[PDB]
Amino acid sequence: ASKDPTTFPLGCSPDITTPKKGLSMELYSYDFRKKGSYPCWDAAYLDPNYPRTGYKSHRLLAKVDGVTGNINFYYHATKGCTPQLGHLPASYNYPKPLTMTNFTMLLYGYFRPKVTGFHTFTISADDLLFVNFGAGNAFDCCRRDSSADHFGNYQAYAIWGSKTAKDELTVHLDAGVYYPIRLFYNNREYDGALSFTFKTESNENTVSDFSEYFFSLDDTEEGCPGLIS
């Protein structure tokens, strides 16, 4: 698939193996600058290659499976320029404290729609959430191994304090097809927040609980390109 973001993204058709519930998550540290710097937070999170290669230089905290449910959070800090502990919601399947003021997080896997039609995803973040969506744009169907670092221009992005603090992505999707998805998050300092929800043209319900929507698929030899059309 093309890497470019599109309104009609390509999806994937898994084989016999049952998709596993939830997304994969990786957590990385994101240190402050040395005492007395102005500002105190590291600006690395906005380097253009930070979401591709830069984050990998940071200390790996965790890699977990099975992230699903409601993945939204709001972490309230009490002090600027200070690492403070907190916990992710239970949905993240990570039962240890981390520096919720300052960390990087990567989620990847597949989104399976329940209805065929236009979906509008709405995102917000403190500090940053970058979203790739579709085969190629995120990664290749059951070939994430060979394509994970080759994602394309973001389908949506949100940066706290910017002219784009919230964003939307509208895409036409087919029910029961599995669409590659990559979420890249950072908190630089202080409060952190992530909101990821959607609506469809089918009804006026907002979906915030991804239990029946987020899945993981094993990579395979020849891939699992979408077979529908």
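Don't overthink the numbering: it's just position in the shown sequence, from 1.
The mean Cα B-factor in the deposited entry runs higher for 156-164 than for the other of 156-164 and 191-199. Relative to its counterpart among 57-65 and 29-37, 29-37 has the higher mean temperature factor, C-alpha atoms as listed in the PDB entry.
Within the group 80, 86, 113, 109, the record's highest C-alpha temperature factor is found at 80. Out of 211, 17, 208, 24, it is 17 whose C-alpha atom has the highest B-factor in the PDB entry. In the PDB entry, a CA B factor belonging to the middle third of its chain's modelled residues is recorded for residue 93.
Residue 146 sits in the highest third of its chain by CA B factor, as recorded in the PDB entry. When the modelled residues of the chain are ordered by their C-alpha B factor, residue 43 lands in the highest third.
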